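**Q** this one's experimental. Sequence and coordinates below.
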Amino acid sequence: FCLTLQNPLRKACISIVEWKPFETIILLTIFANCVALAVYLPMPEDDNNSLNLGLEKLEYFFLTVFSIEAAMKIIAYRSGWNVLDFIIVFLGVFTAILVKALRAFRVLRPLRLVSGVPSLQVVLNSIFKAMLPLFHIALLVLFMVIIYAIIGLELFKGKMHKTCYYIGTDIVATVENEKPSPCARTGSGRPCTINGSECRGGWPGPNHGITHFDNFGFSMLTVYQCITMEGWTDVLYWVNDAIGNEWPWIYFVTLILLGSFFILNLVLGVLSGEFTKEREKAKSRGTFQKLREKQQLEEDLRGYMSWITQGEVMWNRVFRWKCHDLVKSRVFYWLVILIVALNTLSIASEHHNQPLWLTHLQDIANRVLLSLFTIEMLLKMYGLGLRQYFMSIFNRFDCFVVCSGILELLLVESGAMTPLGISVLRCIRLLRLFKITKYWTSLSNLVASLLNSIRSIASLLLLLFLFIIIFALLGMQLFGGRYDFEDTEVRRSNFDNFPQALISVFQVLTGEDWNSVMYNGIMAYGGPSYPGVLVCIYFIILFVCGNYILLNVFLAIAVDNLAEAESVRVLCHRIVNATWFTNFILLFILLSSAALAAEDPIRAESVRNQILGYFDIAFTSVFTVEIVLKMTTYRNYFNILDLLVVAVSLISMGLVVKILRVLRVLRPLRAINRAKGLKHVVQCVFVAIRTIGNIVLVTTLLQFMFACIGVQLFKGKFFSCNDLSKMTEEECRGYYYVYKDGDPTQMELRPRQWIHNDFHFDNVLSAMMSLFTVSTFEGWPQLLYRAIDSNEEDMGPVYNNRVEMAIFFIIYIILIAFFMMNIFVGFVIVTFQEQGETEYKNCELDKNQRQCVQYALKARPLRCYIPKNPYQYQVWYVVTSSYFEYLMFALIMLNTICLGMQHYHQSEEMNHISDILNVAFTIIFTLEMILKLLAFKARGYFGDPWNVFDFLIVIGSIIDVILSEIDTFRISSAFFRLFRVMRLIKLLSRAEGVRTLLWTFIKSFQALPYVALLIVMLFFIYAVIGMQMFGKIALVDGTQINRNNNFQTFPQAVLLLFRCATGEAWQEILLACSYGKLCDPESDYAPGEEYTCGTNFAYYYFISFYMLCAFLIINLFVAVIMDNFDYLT
């Protein structure tokens, strides 16, 4: 379609348009735009500084140079990446004609920086090729949300709108941290005991209006957030506060357990498509045989040349043999460790106060232990060879240590050094911790594993950083200091800066607390409305695409980490083997732990005790009786535990009291060794630990190395005074004013004291605590934003002091994200070896060539249940056709949108229509099962399960129509409505590509549910251990152990642990169990002891639950590789 095809002097432009460095001039001018949009400081209500005002005019430079370029590209002469090139320019020419809509399109310009620089043309081409096999997984999650949006829409419409306002006022009544949570005047939810308040209609609501369940778009928004396991417990505890509990738990803990399971097989989805490409290059086994010869040739040639080297430079030789016999001996394998282990205790002492003698020992030790460092080095200088010493990289590292120790000691004696710098010199020593790593035997294998992986990621990782810039430059244009709000609470992750928008994007990227962030962008524009809640779309694409890039660094490692993997006693004898005795025990275990489940557990006097004390001591009798009959018959790990739990339950009869009660919980563990499925799963995982152990031993060194740099840099900070205006020790005392809401006419008078921020960096032990929770991506923002606000030693926080200390929490967070991902790849690559170990017995063509033989050898013909009777045959001639096929598929889609609308405060004319609709859609669907049953002749109609599932829906609909209209002559009909929803599951019936993926998982449910048995056991033991211990815990609301989040009963303690298993702010629950909590005035405690029911076992408990939940959920990750392996390969 060329344009006039002319040859003036314009042909000489083509020699200049495409010369050589025309890329380089355009690379250097788009990079200026990146800086021109980074210094754009946004201003709230039409304001412009000076630099902001000069950069508006600088756009006209980048308007014309991108136009001088592009018009020459027209004079010069298909690339889709150039097709966006004129697209970016053609909006800004419209911007010269013209208000803030085109302001946001200049954010798109660095995408031109992609199209300029090649190699990132490799990445974006490769990233869309992963998206083809993922399509069925993503489309089922799209059906997963729509089912749980319609079910949460019809079950919870309008249920949140109750309030707990004051007496008659407009103020919503809270307590000091308590979120404004709904009420109900009728039963089962919130008596509203906040003393001078009465529940009235109107609006208390969830977050500000944004976490409803009415109007299809809000339901679908708040089952989205719930799916990402972030903030799913507020949407639980709000429903559970308005309806009443005991029913709506089953809604969310099946949304989590299905939302987990179908993202757990999305991560295994992408790792299918690129591995089968890589199995086709594993047949170059004769080329690694050439490779390991060459690295054997490089091994000898350096070694023999040192044989040459240390013969040339050879009285003074008499000192030499001394420096062989002292150096290479057993002595310096043990003389150095006493120094090094004595150094890493010197550098990790580090208190806040260190009374006076410790800080004198810190300086002499450093002075002493350097005198051993230099000598140790200097003995290698003479008796090893000079050229041999510096060639080794690990001893080149030891050069940089010993020099820097001398430089930092003498610079202090010089005296001319800033107090900013002596802290820097102190952090330089910390690099001595790698001296320990002269150990690890596969260290040189390990670094070659990791550094080979990064150069497979350095293409993709530069795409991730240029992804988080576009969304940071975009969010600064949409939100841009619209966080004004006329309020006093700290909306701290604002975007009104370039670094604050670079923290805040990276916070919603890692998943932590993107809920509170999205609730501010929605409330900045128009809070909740039509035009305004379409700013959800910014925090969706940032969280879906921003993770899909980051899921693609999970593959490029896994294809790189896979390339390396290619190269009378007869009477006692019967009893133990009786059916009477084994089936006795299994039934007796289940009755032993059913009482042990639900004790009181906090009454100590009531009727539920005297029953169980009789039910417990009588049960210890039988138990001990079993350990007699095993020992009269005859190493096993099951009998070492059988003799351990029985002896303690016997001594409870000698009883110290409640400890031996809880030693009876071990029982069912014995029944787990009587299960066989786990022998395959647990054994395969300890194969994988042996090869990943090397990585785990390094990633727990960094939490010690970044503890010691973390202590060093934040000692004594995070020490905040209660009213944020007093800044030091003595004067944060006395009483002050707490102004409510916003206005200075509601003064309340509280006292003030030092609050110590609970996860402080004081000790190296006490800093591994805090840096363990920012390792689990939970609670870092609150802590991170504190580390920004800190200043000098014992002083309160200054507001936005030193944002440069947000680089610590980023580099470390990114690093630990990279060592947590290299572990994960390890458990995958190991199991794909361990499954193929069964198919090493091959002598056959292929896997596809294996199944299709078993598809031919085993298969048989199909039913084909064709009828007689040409009256009936005409009826069947319709039913199996595409007439009914396309019609009954159609009327579900109209039945979808009939359920789709269903909003709140709908009109009465609309209530009359949808009541007819429901009646219309039942009569059609019951006319389906009439025609099919008169066609299929009962035999065949029950045959397929889909028709039997229709018979379940139809009757539940007919009994839903009848139950509604009998009422018109009634709250209980809320279950029968669910049957109206289940018609959407008839959709997937014809969707052949999706049904074949669910049916794979039901066929896979083989090696999974024995691993799920350990999950249930895990939740069962940690429920009962904490229930006796963390009861008496005084359900005061506002204090994070509250009426929704009890520890008291058994199913309230299961749900609390399901909160900590999906990471939902478990760091608070740990602080809720302590030493100074109240003791629930139903217990005894009768004088005085009113604030001593906390038991600090919680640090030993939630942490030991968290690793045993993390390790065992990895076994859920492994067990899904296990049976789906035929589908994933």
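**A** Structure received. Numbering: from 1, shown residues only.
**Q** which helices and strands sit right next to the helix ranked longest in the chain?
**A** Counting residues, the longest helix found in the chain (DSSP state H) is helix 678-713. In this structure, helix 678-713 makes packing contacts with helix 419-429, helix 443-454, helix 764-773, helix 808-836, helix 1008-1029, helix 1098-1123, judged by 3 or more CB pairs under 8 Å, 6 or more residues apart in numbering; DSSP states H and E. For every residue, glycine as well, the C-beta is placed using N, CA and C.
**Q** pull out the buried positions in it.
**A** 678, 681, 684-685, 688, 692, 694-695, 698-699, 702-713 (16 or more other CB atoms under 10 Å).
**Q** kindly reformat the helices and strands packed on helix 678-713 as CSV containing mean neighbour count.
**A** Compiled in CSV, those are given as follows (neighbours: other CB atoms under 10 Å):
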stretch, mean neighbour count
helix 419-429, 13
helix 443-454, 14
helix 764-773, 19
helix 808-836, 18
helix 1008-1029, 18
helix 1098-1123, 17
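**Q** right, so of those helices, which gets closest to residue 39?
**A** helix 808-836 (21.0 Å; CB to CB).
**Q** ok now the closest one, how far from the chain's centre?
**A** Relative to its parent chain, helix 808-836 has a centroid offset of 14 Å by CA atoms, centre = their mean, to the nearest Å.
**Q** ok, stretch 980-996 next?
**A** 30 Å.
**Q** which residues touch stretch 711-731?
**A** 350, 352, 423, 426-427, 430, 732, 736, 738, 750-757, 759-764, 767, 786-787, 790-791, 793-797, 805, 808 (CB atoms under 8 Å, 6 or more residues apart in numbering).
**Q** and these, which are buried?
**A** 350, 426, 430, 732, 736, 752, 757, 759-764, 767, 786-787, 790, 795-797, 805, 808.
**Q** give me the subset of the residues you listed lying in strands.
**A** Per DSSP state E, strands hold the following members of these: residue 736.
**Q** wait, what's in contact with the residue nearest to residue 116 when sequence neighbours are not counted?
**A** Counting by CB to CB, 6 or more residues apart in numbering, residue 27 is the residue found nearest to residue 116 once chain neighbours are left out, at 5.4 Å. Shown in contact with residue 27 (CB under 8 Å, 6+ apart): 113, 116-117.
**Q** so which of those is the most crowded?
**A** residue 113 (18 neighbours; other CB atoms under 10 Å).
**Q** in the helix or strand hosting residue 1057, what's buried?
**A** Using DSSP states H and E, residue 1057 sits within helix 1050-1061. Burial within helix 1050-1061, assessed by neighbour count using 16+ other CB under 10 Å, is assigned to 1050, 1052-1061.
**Q** out of those, the closest to residue 268 would be?
**A** residue 1061 (20.4 Å).
**Q** number of nearby residues for the residue nearest to residue 259 when sequence neighbours are not counted?
**A** Closest residue to residue 259 apart from its sequence neighbours, by CB to CB, 6+ apart: residue 227 at 4.1 Å. Residues near residue 227, counting by other CB under 10 Å, number 20.
**Q** also residue 3?
**A** 8.
**Q** does residue 165 touch residue 203 like I think?
**A** No. Using CB atoms under 8 Å, residue 165 is not in contact with residue 203, being 9.8 Å away.
**Q** which one of those two has more residues nearby?
**A** Legend: neighbour count by other CB under 10 Å for residue 165 and residue 203, higher for residue 165 (21 against 15).
**Q** now the more buried one: phi and psi?
**A** phi -60, psi 160 (degrees, to the nearest 10).
**Q** that one pairs with what?
**A** residue 172 (DSSP bridges).
**Q** show me what contacts it?
**A** 171-173, 197-200, 202, 204.
**Q** now do it against residue 832, distance only.
**A** 60 Å (CB to CB, to the nearest Å).
**Q** just the ones of the contacts of residue 27 in helices?
**A** Those of the contacts of residue 27 lying in helices (DSSP H): 113, 116.
**Q** for the closest residue to residue 1076 other than its chain neighbours, what are its contacts?
**A** Distance criterion CB to CB, 6+ apart; nearest residue to residue 1076, sequence neighbours excluded, is residue 1091 at 5.2 Å. Under the criterion of CB under 8 Å, 6+ apart, the neighbours of residue 1091 are 1076-1079.
**Q** now residue 1091, what's its secondary structure?
**A** With DSSP: H, G, I helix; E, B strand; the rest coil as the basis, residue 1091 sits in coil.
**Q** quick one, phi psi at it?
**A** phi -130, psi 50.
**Q** pull the number of nearby residues for residue 33.
**A** Residue 33: 20 neighbours (other CB under 10 Å).
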